[PDB]
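Here's a solo chain for you in C-alpha cells, the form deposited without ligand IHP.
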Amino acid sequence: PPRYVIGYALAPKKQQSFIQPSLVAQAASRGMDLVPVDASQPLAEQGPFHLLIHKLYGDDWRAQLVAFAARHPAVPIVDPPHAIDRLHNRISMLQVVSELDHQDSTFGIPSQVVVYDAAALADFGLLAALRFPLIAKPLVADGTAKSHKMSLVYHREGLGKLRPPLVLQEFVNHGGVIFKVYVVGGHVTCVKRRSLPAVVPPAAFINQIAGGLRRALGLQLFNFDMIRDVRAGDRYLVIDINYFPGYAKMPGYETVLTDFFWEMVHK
C-alpha cells in the first residue's frame, strides 16, 4: 500500500549506535523508510516526512522545528524541543515529577541542595551535615557535555572541587541498586544497573510512572532512574530522566522502535 518516511536528525555518534542496518531493514520491510535529514540544508526544503525523530540542540535547529511544526501540524515531531527543555533544569524537571498523581508501592522525590557559587561551596554550614555519598549534577545542562552526567561524591574534599552552580542529593537510602527504565511511547523496558561500581519494582507500578512521565513531560523517548528506599522497602524515588537514550544497547530494540514508528505514522 502507501510508504511512510521517517526523517531522522541525529549526531553521527547517535546515527552509528541507533540507525543500524537491522533497524533500517525491519522498518523498510513494513513500509517505513528511515531517511536522514541533511544538516547542511534547511529542513523546510527537505522532502515529505510522516514522522521526524531527532536529538539535536541549539536555537537554529529549534527555529527549523518551530517552522516545521507551524507548516505541518499533523506530522509528529519526536520529540518537540519545548518538551525536551523540561529536562534541562534538574529542579524544574523534578517539579514535573512532583505533579504526577499516586496502591502497595509509594512514589517519592528526593530533596536537593542548590549551591550557586564557589564561596557557598566552601562556607555553607549545612553542607557539613550531609551524609555521603552524594549525587551531584549541574543545575542546567542539555546532556551533550560529559560534565552534564550525574556524578558521585564520596567526601567533603571531592564536593569542594566541583563546579557550581550544582544540585546535591544524598545517596544512602537505596541499598546500592538503581533501576534504569527505558520508555518508548506506551512501552516500558527495565535494567537493574548496580550503582557505586536484585529485586526489581513491580511492573504495574513502573508502567503507571512511565505513563505519567510521558503525559507530564510530553516525551515519547526517555529513560528514568529509580531507587528503592530500603528503610520501608515498598517506597521508590525517581532520581533522573534522560531524552532519547542508548536504546541500541537493549536486545530487541529494533522491533520495539519499528512498532513505535508504525503507531506514530497511524496517530
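The first residue of the sequence shown is number 1, and the count goes up from there.
In the deposited entry, the stretch joining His102 to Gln103 is interrupted by 1 to 3 residues of the deposited sequence lacking coordinates. The stretch of deposited sequence separating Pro197 from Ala198 contains 10 or more residues lacking coordinates in this entry. Stretch comparison (53 to 61 versus 26 to 34) by mean CA B-factor in the PDB entry places 53 to 61 on top. Higher average CA B factor: 171 to 179, of the stretches 114 to 122 and 171 to 179. Between the residues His72, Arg156, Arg131, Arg86, it is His72 that shows the highest Cα B-factor in the PDB record. Annotation for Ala11: C-alpha temperature factor in the middle third relative to the rest of the modelled chain, per the entry. Remark: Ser40 belongs to the highest third of its chain, ranked by C-alpha B-factor as recorded. In the deposited entry, the Cα temperature factor of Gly185 places it in the lowest third of its chain's modelled residues. Sort the modelled residues of the chain by CA B factor and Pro251 lands in the highest third. Annotation for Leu221: CA B-factor lies in the lowest third of the chain's modelled residues.
The form deposited with ligand IHP bound exists for this protein as well; it is not shown, and the discussion that follows is about that form.
Per the 4.5 Å heavy atom criterion, ligand IHP in the entry with it bound is contacted by stretch 144 to 152, the sole one of 69 to 77, 144 to 152, 122 to 130, 107 to 115. Ligand IHP is not drawn, but in the entry with it bound it has no heavy atom within 4.5 Å of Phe171. Using a 4.5 angstroms limit between non-hydrogen atoms, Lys180 touches ligand IHP in the entry with it bound. When ligand IHP is considered in the entry with it bound, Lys55 lines it closely, a heavy atom lying within 4.5 Å. Contact annotation for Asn223: at least one heavy atom lies within 4.5 Å of ligand IHP in the entry with it bound. The partner is not shown here, but in the entry with it bound the stretch 233 to 267 reaches within 4.5 angstroms of ligand IHP through a heavy atom at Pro245, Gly246, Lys249.
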